[PDB]
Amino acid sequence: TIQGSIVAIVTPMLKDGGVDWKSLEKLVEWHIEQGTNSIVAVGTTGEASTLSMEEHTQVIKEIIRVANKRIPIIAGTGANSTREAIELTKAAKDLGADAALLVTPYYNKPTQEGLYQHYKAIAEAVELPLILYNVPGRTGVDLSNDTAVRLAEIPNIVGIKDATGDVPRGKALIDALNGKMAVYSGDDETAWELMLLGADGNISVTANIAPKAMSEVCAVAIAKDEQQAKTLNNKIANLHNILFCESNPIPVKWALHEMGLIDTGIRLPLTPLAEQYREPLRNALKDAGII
């Protein structure tokens, strides 16, 4: 059901790392005004790892309050402990989130059956639309297409964020699912392709700085207009690359800082974008017409 450009919103912070509430509010309003179709609160780009339990909740509550039902809000509720994921997901349901996004448990490397049981348990514990999220390079585990297809059979699992950036594999997943659940790109570089091939949207990092342009890219790609999709994506294509010169969200938070939208706060172990990457980033933003 949720389709289009789905921004993986950063969590603005003060210089001392405290959550920058006013700046977050402005961002949410700007996204809605700019055409962003949905927001993922407190996901990887939002530094879920370094926010406390209370902050995780405050941020979700704030984004929901400011969005005021204008666009669906997806809450990042993944954890590498099934017990904890259930807790976070329930909190999200209770706060009024429209769906929850759950990255596969990271670092502890569960088996494929373990991943199946992990998500099955959460789906059965919380009546809320759940989106799976696979990003092996970060987690140490790869949720296979086969496992994803099995999970698509479970009530409440309505989709998967495929951040592999492996298009053939993504197309294979889409074809095997045959509409059973949605597929979202989790790789800005190839998102336009995956959507042309059947993905329902892009849970984007780039949409953080070019929400209007990415909104348009998703729209025409979903419409299966290959020429337009390719033409519009080319305009923001270098951005998809430069926003990962250092681990996301380091570059994207700096980009927004250069845009005058947020301050420099970011929590250890993450660090402000290294100096050698700032000019190139500023150039890229000027080139794409952002600043």
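Numbering starts at 1 and runs along the sequence shown.
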| query | finding |
| --- | --- |
| Selected stretch [higher average CA B-factor]: 135-143 or 122-130 | 122-130 |
| Given 36-44 and 227-235, the range whose Cα B-factors average higher in the PDB entry | 227-235 |
| Deposited CA B-factor, highest of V252, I266, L27, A67 | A67 |
| Out of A210, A100, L115, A219, residue topping the C-alpha B-factor column of the entry | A219 |
| Position of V183 among the chain's modelled residues by C-alpha B-factor, lowest, middle or highest third | lowest |
| Record-listed C-alpha B factor of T89: chain third | middle |
| Relative C-alpha B-factor of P105, binned into the chain's lowest, middle or highest third | lowest |
| Chain-relative CA temperature factor third for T50 | lowest |
| For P155, the third of its chain into which the C-alpha B factor falls | highest |
